[PDB]
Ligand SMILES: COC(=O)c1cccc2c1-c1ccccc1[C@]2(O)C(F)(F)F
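Single chain ahead, written as structure tokens, the form solved without this ligand.
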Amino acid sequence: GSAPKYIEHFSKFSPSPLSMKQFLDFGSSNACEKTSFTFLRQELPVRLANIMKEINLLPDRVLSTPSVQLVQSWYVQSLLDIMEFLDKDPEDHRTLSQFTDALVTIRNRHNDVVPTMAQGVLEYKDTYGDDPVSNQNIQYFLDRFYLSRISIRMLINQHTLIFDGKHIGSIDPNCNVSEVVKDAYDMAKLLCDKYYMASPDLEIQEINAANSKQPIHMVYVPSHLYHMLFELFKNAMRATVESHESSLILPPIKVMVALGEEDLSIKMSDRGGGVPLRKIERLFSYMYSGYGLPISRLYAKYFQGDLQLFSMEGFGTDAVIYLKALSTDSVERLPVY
């Protein structure tokens, strides 16, 4: 019952971004469970307190809403839950087992965060209006808040999956990008054929510059790449099918996977009639949008990547996921506090 002092103390501590290589040494063996416990009990309240302090600095008109009070109550409970293990001994295996259950329960509280935050934005539009300045402030915090949420849940999933009894938790060091593209297409195809009476076909063209025709693989979180590519397929298929409804030919959703010296780019092109440039900004705005696209961009940025969209009204749209090719360059992108 001392959360305000806990937030002030740990807000001074800066978050600690981690590279892809560091995640592997932690998950290299089950013997590293103690080192992960001693690190996570310190780092988790730092990331919580930093965003929690940013949450409290919000204006009271936003902070006083029931949606914001609920999420802040979850962060406080999980913060106080993690701080019970600060005084415990890592050499006791029971202390380690209790921490995992705590982390699994911490996630269960924050499962419905994105739908909850979407309610507060809709409440804001109908109570205070949807003006450009309100969008910039809502975009600024939610990107940082969700980027903090992506970073925090990343740390939890690695410990629960590794320390349970080829894939290092949620990270696949031999991640076949084309297979993840095909999997995201297959899920979108299933939804497309149920909603519509057709589905665009898939085309993939890999471009390995240094090793032409060799399969392109990287070190990444495939669950993140699936989330980004899947949200892109749903948009490409919706526009492609609805644009060619009076037409018989259904163009394919062509994809390209280029492996450069630094970038691993993943372009997805449709022919859904495209979008005017005026409305491209609207697709990434939380208030004006239906958050799979901005959240997908955060997954890209989370490891120094990016996700960009460029369209041609009357023809179609192209979307490129930019990922760091090297695991060295793949480092956590956290909100600057």
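The first residue of the sequence shown is number 1, and the count goes up from there. Definition used throughout: the rigid core is the maximal C-alpha set that superposes within 1.5 Å between two forms.
Just so it is clear, the following notes concern the form deposited with this ligand bound, a form of the same protein that is not shown.
Contact with this ligand in the deposited complex, defined as a heavy atom within 4.5 Å, is made by all three of 26, 159 and 163. In the deposited complex, this ligand sits beyond 4.5 Å of every heavy atom of residue 46. This ligand is not shown here, and in the deposited complex it never comes within 4.5 Å of any heavy atom of residue 70. At a distance threshold of 4.5 angstroms between non-hydrogen atoms, residue 300 is out of contact with this ligand in the deposited complex. Interface membership of residue 50, defined by any non-hydrogen atom within 4.5 Å of this ligand in the deposited complex, is ruled out. In the deposited complex, this ligand lies within 4.5 angstroms of at least one heavy atom of each of the following residues of 30 to 69: 30, 31, 32, 35, 36, 39, 40, in sequence order. For residue 57, the Cα coordinates differ by under 2 angstroms between this form and the one not shown after the core has been superposed. With the core held fixed, residue 35 shows a CA shift below 2 Å between this form and the one not shown. In the deposited complex, the separation between the C-alpha atoms of residue 18 and residue 31 shrinks by 3 Å or more relative to the displayed form. Relative to this form, residue 81 and residue 30 separate from one another in the deposited complex, with their C-alpha atoms ending up at least 3 Å farther apart.
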